[PDB]
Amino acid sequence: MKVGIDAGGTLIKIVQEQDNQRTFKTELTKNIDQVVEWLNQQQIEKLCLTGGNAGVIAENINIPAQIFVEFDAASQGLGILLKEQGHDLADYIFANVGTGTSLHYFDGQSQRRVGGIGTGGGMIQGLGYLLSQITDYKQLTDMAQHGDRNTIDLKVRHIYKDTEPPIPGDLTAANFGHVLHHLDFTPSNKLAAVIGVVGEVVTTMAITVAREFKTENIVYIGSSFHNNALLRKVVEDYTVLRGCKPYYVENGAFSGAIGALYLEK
């Protein structure tokens, strides 16, 4: 029984490894006390930790464990998942959309963090609550899927009216830029708008560093995508529209947890 844990800002991602068969488990970071409780009802050969709240588990537990830096673990665990699912990428950008967003360039050998931005799942939840007073994640994201962004977001065509614009008319020109023109807004529409801006910024920054480091492959991981097809859709379609190849990975959110186990030896 080997256990990899990525204790991040919002979710604790738990990977158990036993007989080459891995099981996946997730807890809220708010419930970190229940993860410690659970760990001590377990027999564990090796415990491998990563992410911001790894210290909290490390100090509150009796058994020995080892801490690894999340950027390396994510990069190592991601690489493992990609290969198992049939993707042979000599290089790629990967964007880790957790509570916040961290961007890395994997050159084929190692990773380097090339950027980051505070627009992630934290903002989806945070700004989502402020606009809808919903706290429940499933409730929030499900509702957002029905949303229409037309009355909230402003497109290039809306600025350029009938004159042909210098860049595609369909692009978002300003997020939340149509609001002051439609003053006569449902939580669906508002929540979809929040997810939309988060998506478009992440994709923008991803595509920019992808171009900077001369690769067309962009991989998107993080729990921010779970139960949120709209976010996934917003990211993939713009990646494609800029001539890059988006990649999604099953259990991609557990890259840090798996990478920790791999970094351990």
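Sequential numbering from 1, following the sequence displayed.
The entry models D162 and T163 with no unmodelled deposited residue separating them. Legend: mean Cα B-factor per stretch from the PDB entry, 82-90 versus 114-122; the higher mean is in 82-90.
Higher average CA B factor: 55-63, of the stretches 55-63 and 26-34.
Per the deposited record, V69 carries the highest C-alpha B-factor of all listed residues (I207, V234, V69, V219).
Annotation for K190, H146, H178, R157: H146 ranks highest, by Cα B-factor. For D153, the recorded CA temperature factor ranks within the lowest third of the chain's modelled residues. Ranked within its chain, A260 lands in the middle third, by CA B factor from the PDB record.
In the deposited entry, the Cα temperature factor of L47 places it in the highest third of its chain's modelled residues. Sorting the modelled residues of the chain by their CA temperature factor places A173 in the lowest third. Compared with the other modelled residues of the chain, the Cα B-factor recorded for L127 ranks in the lowest third.
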